[PDB]
Amino acid sequence: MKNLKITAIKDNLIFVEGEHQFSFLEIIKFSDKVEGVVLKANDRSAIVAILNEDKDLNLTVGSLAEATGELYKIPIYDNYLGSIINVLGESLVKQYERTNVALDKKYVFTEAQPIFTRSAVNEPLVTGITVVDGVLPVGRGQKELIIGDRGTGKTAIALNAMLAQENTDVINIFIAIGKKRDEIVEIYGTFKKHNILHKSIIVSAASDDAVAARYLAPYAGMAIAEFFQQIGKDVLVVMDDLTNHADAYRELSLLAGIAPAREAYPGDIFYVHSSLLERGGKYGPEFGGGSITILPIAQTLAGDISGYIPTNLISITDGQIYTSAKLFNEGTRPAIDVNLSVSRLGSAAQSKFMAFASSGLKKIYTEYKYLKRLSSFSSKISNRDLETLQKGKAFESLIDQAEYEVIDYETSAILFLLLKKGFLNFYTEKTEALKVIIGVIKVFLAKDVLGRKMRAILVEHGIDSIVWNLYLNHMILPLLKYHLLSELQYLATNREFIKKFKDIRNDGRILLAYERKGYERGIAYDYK
Amino acid sequence: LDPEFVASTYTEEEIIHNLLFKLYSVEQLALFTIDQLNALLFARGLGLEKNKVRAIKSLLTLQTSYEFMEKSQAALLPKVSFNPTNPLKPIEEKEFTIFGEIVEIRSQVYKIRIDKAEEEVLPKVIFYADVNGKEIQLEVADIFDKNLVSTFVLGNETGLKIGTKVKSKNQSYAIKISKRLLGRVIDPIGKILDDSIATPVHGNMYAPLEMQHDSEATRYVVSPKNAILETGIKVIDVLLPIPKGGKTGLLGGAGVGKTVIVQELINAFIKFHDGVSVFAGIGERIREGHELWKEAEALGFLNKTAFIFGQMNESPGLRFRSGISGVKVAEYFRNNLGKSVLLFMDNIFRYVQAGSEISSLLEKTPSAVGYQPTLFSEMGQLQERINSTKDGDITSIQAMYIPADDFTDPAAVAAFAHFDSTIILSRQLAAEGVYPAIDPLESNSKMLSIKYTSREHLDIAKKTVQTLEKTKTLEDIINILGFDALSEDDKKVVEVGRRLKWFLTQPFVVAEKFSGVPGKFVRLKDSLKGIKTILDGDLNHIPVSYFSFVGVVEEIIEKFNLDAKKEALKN
Amino acid sequence: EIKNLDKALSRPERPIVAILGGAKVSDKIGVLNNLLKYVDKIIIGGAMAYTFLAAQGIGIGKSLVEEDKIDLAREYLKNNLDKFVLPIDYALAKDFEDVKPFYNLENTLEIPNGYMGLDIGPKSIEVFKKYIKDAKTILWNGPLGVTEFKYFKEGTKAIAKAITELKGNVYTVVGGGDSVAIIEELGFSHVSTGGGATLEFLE
Ligand SMILES: Nc1ncnc2c1ncn2[C@@H]1O[C@H](COP(=O)(O)OP(=O)(O)OP(=O)(O)O)[C@@H](O)[C@H]1O
Ligand SMILES: Nc1ncnc2c1ncn2[C@@H]1O[C@H](COP(=O)(O)OP(=O)(O)O)[C@@H](O)[C@H]1O
Ligand SMILES: [Mg+2]
Ligand SMILES: [Mg+2]
């Protein structure tokens, strides 16, 4: 029975009267398709914010409402995968028909699991970005904020992190809060094109939507993520972005009547964000056994990380990926500020092979950037300084990758080892060499019978330096040398190209026979 | 006299512990294998030593110490009971005397109307609400009239609704404290956070918000700081002395290897000083808390550390109460048991932020930068209970986050009002590969003075700081003009400064699992002598690369002699 | 086992290690006098280590030891200063009837009052593992522990697994009957069927 009635409608909020045991964020039903949550309540009155709207239903003073007595639960349907949905579970875009039976119903405001329910974060999450994989590692169960100014590539970074999971058992959840419908449809098309649609969900709350829906979107998305984690799956969740969520909560609180605080936000904004970014992590086998990785996004104004919301987000997360506008204007893509960025997990979040391959990149980058800045004032530059400028330029060219380009994890490790071992310095500001090397290594470790085993051993075990040197100098180096010589012609005349490549076999004839047979550039040792 | 009569006093744990303090003579030390000497040295918390002579000398020096000899002599006589002066008293036993119901709800703030009461409600008392087989604590904030109070949740607010019945004893929040708390993980309000079954903690109920002082004058019976705590870390021991019973602010972090710093400190205080450690994690990340707990279990300092974790996902009230609970635990361990305590706070900035959140939620007009009006008074309330008395010293290491590197932020100013020493960790040094990545220029300590240190130490520290500053100034000229653009004296100063900079690096014990190289514990005198020899230029012929991550100057000299000899041998 | 006893003795691959496991010092003193000239690092396992510790001003309690060999071992230590390896960590039980081990958390070198040692612990396992992996050849001939019950036999099994997992060209010998039983139950390059033959050869 409808035990509440509307008495006033101000600022799109509904004031209801009646005798009830109201609770915070309790669901009130105004029809079979319109419901809201409770913000404040007396012993006989309540303030309600609506979640959706109906064209036929016209809420007026005197209308009847039903208090359900329970907080909001989101239902889980089998066709969420490959779909764009509301915060109420309605399919906005879909690829498969719904079975019309809920797998589960999950509270959107659960409490984060305690300390005894956790497990150590020690497995890499392949982002697909060379610099992020090698210098700012992300583990499964980690929270890595992506923070920067407008139009610097944060969304592209998150999308790359989701596209790198094409051949992986990780379920993608993209929550968009206050975004444009055109951008969301573009992201859906990108998912469809790159063959990750069958494993990716989108929870949408556009800027046109109700403020309460934009507030609840991350909670519903991470409730779905927790449902998937409860059955041992690995989930990757992106929130795009949390500044709009904070603004939505501030609007709700200011309209309800809550006293303003710093920057006019409510007094519990930090608790609102922290209680959300603490239910993601790696869990023990008896508590679900899965993991939830989160990649929240934050926008700063003119690179000011001193704002209230960015400070809270930096305080909460396990690490930050800073995107720079100055680096964007210098042609760098992705424009990631390696100096400002940090990853608290460190090597623990890498594989043993990658931890060995990328041991000392930060020092190289730091001294290279210092020398690069000082190069416009000095006149005498040491031989060691020239050599480290050369190595730093090589490293900076290495991490410049195109949009929506996924570079595999072992390929990045091998490129790092080639950089550190000196075989990535013969060129002179040429990128096609790096592209050819990347293609050869990718097809070697993917389209082969022996390269596949080498990729497996590199994934699973941490080898020492001696066997790595054998691996590099016996199979990788001759193939790479032949392919570079066949594609890059003038490189033979380079003194440094031949000084380092004299003690490497000449496999030219066998590989020329291979390519004449029609094999892809980079396959070798066809013993099948 | 009779060992049998004595053994009837010491408990089994007490005698097992007292096996540490049994003294070995020089002749006794000589007839040990090198691994036996290593094990004995490790059990006394002095790291590892491959040389037999140095290990024996270190064991003898530690044995030839006033505290060690006192504790060894006391290990033979029967047990002496620590009769306490001004001990902590348990809470009074009461029934539930106030009963009411919730009449107004909000986000984190709930209004309670008292229905049946035998006594008037007092400020800061706790109401208990039992919902769905779980209790929720509501701390009173404002008393509007005889039958109306405002409260904020301590924990999770889920399940509280209009009409929920609440009962109160008219008392503050209380937790169980005893020596059994040592080695377990709890939250500010006593709930268990290390096993699903939630094995109870045995002890007495104490109220952390009650000081239990006879009079205000009793708070002025406090010993001013005079001692210095030794840590075995070269930079801290030489240039940034740590007060005993004071406050030290560890400002910085993030990829600088701060975690290793706090672990190493807890381990060194547990072993080398035979003390008790309390870790109050304010606003502690769940992953970081779990990792710290597991690493404490793995390194063997869990059994002497008491963990109080106020998690990041809890209400502001519990994150506020975390520090007070930690201070109360330290006060129990010092006043009732007489043991010196090393209290750890992480993070102070989050404690200030939680106070600000609570004040803003209760509709109080914000001060500058939106902070609470009572920011400095709350900081004083937290920090004035970390003092030194006759029973023992409570020395506190507090890590603070400086937002956007703004040292003029009100929270930073309030914390700086109390820090006796400051340790500033630099991201630039961490990038350079210098660990433990402590900047020796902008950091300072108030214990570096004639009142507490020998004039030799003072002069060595001053010379080191001046040399490092001059080297830093000359490095820009090096980078721009060149090494041949300096004078001979400036070249010598640059070389000495580089040697000094790289000598201050140290490999930590608690990290040898990863680095694969045994950690070190450099005594203050040995580090002082090493810096004195390096300042004299007596090792300027050795390449700087041999100064990186070493224990002592003797190790540098021996390694250089070995390498060069073997070079010449092949030649 | 004539070849494994003669060739490994006349032309051993120095440096080498010796693992004398036994119940009494006097039991294998002669081999020791010889091993005091054949090798440099010497691992002692069994109650001989307890005799060494009792000679070293260490509380032992009531563990069986050749008190007549105590002074001889002390004099050997005085003359030979870097030719012995002794365990540091133990798994102790007051009784002998398969009692759960008791571990010394701090100052492990000292055996408490009323306690007695039976087998070496994980830290002693690592200490001995370092020495055996450093060396080239071994002459394992002792169940440093008590094989009567599994509460004090895990040390011998652990050291056997450590020596049998040493990949390379490490030569191995057998000279103990209990060591032979442990090797047979585990499932050495050439383990002599009878330990008495090697004992007489090295005597
Ligand atoms: N690696 C890259 N290579 C080339 N172009 C890139 C790369 N990353 C991003 N871009 C381009 O940069 C522009 C901005 O990217 P993106 O939309 O991800 O930025 P953003 O920080 O999310 O911006 P917004 O504030 O508008 O949401 C787009 O035109 C995109 O194609
Ligand atoms: N010796 C070292 N070499 C390289 N990295 C280190 C070393 N010691 C610590 N680190 C890294 O530095 C990071 C510092 O972060 P942490 O210790 O958590 O301090 P904070 O809590 O201030 O971030 C750690 O995650 C650790 O991986
Ligand atoms: Mg975007
Ligand atoms: Mg920290």
Projecting the Cα atoms of B:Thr374, B:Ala268, B:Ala417 onto the charge dipole of chain B, where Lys and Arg contribute +1 and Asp and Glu -1 at Cβ, the residue farthest towards the positive end is B:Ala268
Would you list A:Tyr514, A:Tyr72 from fewest to most Cβ contacts within 10 Å?
-> A:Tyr514, A:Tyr72
Where nothing but the Cβ of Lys and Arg (+1) and of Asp and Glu (-1) is charged, how large is the charge dipole of the stretch B:11-101 around its Cα centre, in debye to the nearest 20?
-> 740
Unit charges on C-beta of K, R, D, E only; dipole of the stretch B:318-365, Debye | 160
Sorted by average packing, counted as other Cβ atoms within 10 angstrom per residue and highest first, what order do A:51-59, A:199-207, C:1-9 take?
-> A:199-207, C:1-9, A:51-59
Alpha carbons only, please: Rg and Dmax for the stretch A:56-209, in angstrom.
-> 18.7, 62
Restraint check, B:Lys234/B:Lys566; A:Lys282/B:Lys328; A:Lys362/A:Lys430, Cα-Cα greater than 26 Å = B:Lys234/B:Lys566; A:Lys282/B:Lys328
Sort A:303-315, B:188-200, A:488-500 for me by packing, meaning the mean count of neighbouring Cβ atoms within 10 Å per residue, highest on top.
-> A:303-315, B:188-200, A:488-500
Under the definition of Cα pairs under 8 Å and six or more residues apart, what whole-number percent is the relative contact order of the stretch C:1-143?
-> 32
Filtered hits (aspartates and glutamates, Cα-Cα < 19 Å from C:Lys78, offset >= 8 within chain) -> B:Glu27, B:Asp35, C:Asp40, C:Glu66, C:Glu67, C:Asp68
Which entries in B:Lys304/C:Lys157; A:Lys369/B:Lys501; B:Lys57/B:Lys470 show an alpha-carbon gap greater than 27 Å?
-> B:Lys304/C:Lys157; B:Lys57/B:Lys470
Taking the dipole about the Cα centre of the stretch B:1-149, with the C-beta of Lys and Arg at +1 and of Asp and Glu at -1, give me whichever of B:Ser81, B:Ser107, B:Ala141 is farthest to the positive side.
-> B:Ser81
Computed over chain B, the relative contact order (Cα-Cα under 8 Å, seq sep at least six) in percent reads 13
Do you know the relative contact order of the stretch A:301-402, to the nearest whole percent, from alpha carbon pairs under 8 angstrom that are 6+ apart?
-> 23
Estimated translational D of the stretch C:19-173 in µm²/s (Stokes, Kirkwood radius over Cα pairs; 20 °C; 1.002 mPa s) = 136
Would you work out if the stretch B:453-544 is rounded, prolate or oblate? Take a ≥ b ≥ c from the square roots of the eigenvalues of the alpha-carbon gyration tensor; rounded if a/c is under 1.5, else prolate when a/b is larger than b/c, oblate otherwise.
-> oblate
Mean Cβ neighbour count within 10 Å, used as a protection proxy, ranking B:390-397, A:459-466, B:155-162 highest first | B:390-397, B:155-162, A:459-466
Divide, for the stretch B:418-496, the radius of gyration over alpha carbons by 2.2 N^0.38 Å, where N is the residue count.
-> 1.32
Dipole magnitude of the stretch B:524-571, debye to nearest 20 (Cβ charges: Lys/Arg +1, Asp/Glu -1, about Cα centre) | 60
For the residues B:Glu357, B:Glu469, B:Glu488, what sequence is obtained by ranking on other C-beta atoms within 10 Å, fewest first?
-> B:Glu488, B:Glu469, B:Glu357
Flagged links, alpha-carbon separation over 28 Å, of B:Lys161/B:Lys364; A:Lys421/C:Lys130; A:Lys33/B:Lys111; B:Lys22/B:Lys529; B:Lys513/C:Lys94 | A:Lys421/C:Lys130; A:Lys33/B:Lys111; B:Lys22/B:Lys529; B:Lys513/C:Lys94
What are the principal axis extents of the Cα atoms in the stretch A:222-282, in Å, biggest first?
-> 43, 18, 17
Please give the average number of partner chain Cβ atoms lying within 10 Å of the Cβ of each residue in A:256-264, rounded to a whole number.
-> 4
Neighbour cut-off at most 15 other Cβ (10 Å), DSSP loop, GluC sites (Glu not before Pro), the stretch A:164-250 | A:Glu166
Work the Kirkwood hydrodynamic radius out for the stretch B:271-393: mean of 1/r over every pair of different alpha-carbon atoms, inverted, in Å.
-> 15.5
Report, largest value first, the span of the C-alpha coordinates of the stretch B:187-261 along each principal axis, in whole Å.
-> 44, 43, 20
Under 1.5 on a/c is rounded, so check that first for the protein assembly as shown, then, if it is not, pick prolate when a/b is larger than b/c and oblate when it is not; a ≥ b ≥ c are the square roots of the alpha carbon gyration tensor eigenvalues.
-> oblate
Post the alpha-carbon centroid distance, the stretch B:179-199 to the stretch B:399-463, in whole angstrom.
-> 34
Under the Kirkwood approximation applied to all pairs of distinct alpha-carbon atoms, what is the hydrodynamic radius of chain B in Å?
-> 26.5
Calculate the mean, over all residues of peptide B:351-359, of how many other protein chain Cβ atoms lie within 10 angstrom of the residue's Cβ.
-> 2
Other chains' Cβ within 10 Å of A:120-132 residues: what's the mean?
-> 1
Give the distance, in whole Å, between the Cα centre of the stretch A:296-357 and the Cα centre of the stretch C:1-77.
-> 61
Distance from the stretch A:483-503 to the stretch B:36-81 (C-alpha centre basis), Å | 64
Relative pair counts by distance (%), Cα atoms of chain A, 10 Å bins = 3, 16, 25, 22, 15, 9, 5, 3, 1, 0
Charge tally in the Cβ shell below 12 Å around B:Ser223, where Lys, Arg are +1 and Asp, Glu are -1, B:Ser223 excluded = +1
Which of the listed residues, A:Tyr527, A:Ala492, A:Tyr72, is farthest toward the dipole's positive end in chain A, when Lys, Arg count +1 and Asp, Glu count -1 at the beta-carbon?
-> A:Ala492
Residue order, fewest to most surrounding Cβ atoms within 10 angstrom, among A:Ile294, A:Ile476 | A:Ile476, A:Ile294
At 25 °C and 0.890 mPa s, grab the translational diffusion coefficient of the stretch B:30-182 from Stokes-Einstein with a Kirkwood Rh over Cα pairs, rounded to a whole number in µm² per second.
-> 118
Beyond 19 Å, what share of the Cα-Cα pairs of the stretch B:368-434 remains, rounded to the nearest whole percent?
-> 47
Here the net charge surrounding A:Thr428, from other residues whose Cβ is less than 13 Å away from its Cβ (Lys, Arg +1; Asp, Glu -1), is 0
Rounded to a whole number, the Stokes-Einstein D of the stretch B:217-279 in µm²/s (Kirkwood radius over Cα pairs; 25 °C; 0.890 mPa s) is 182
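When we count neighbours, we look across all protein chains shown, and the Cβ atoms used for this are built from the backbone with ideal geometry, even at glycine. A short reminder: the numbers here are calculations on the coordinates, not readings from a lab.
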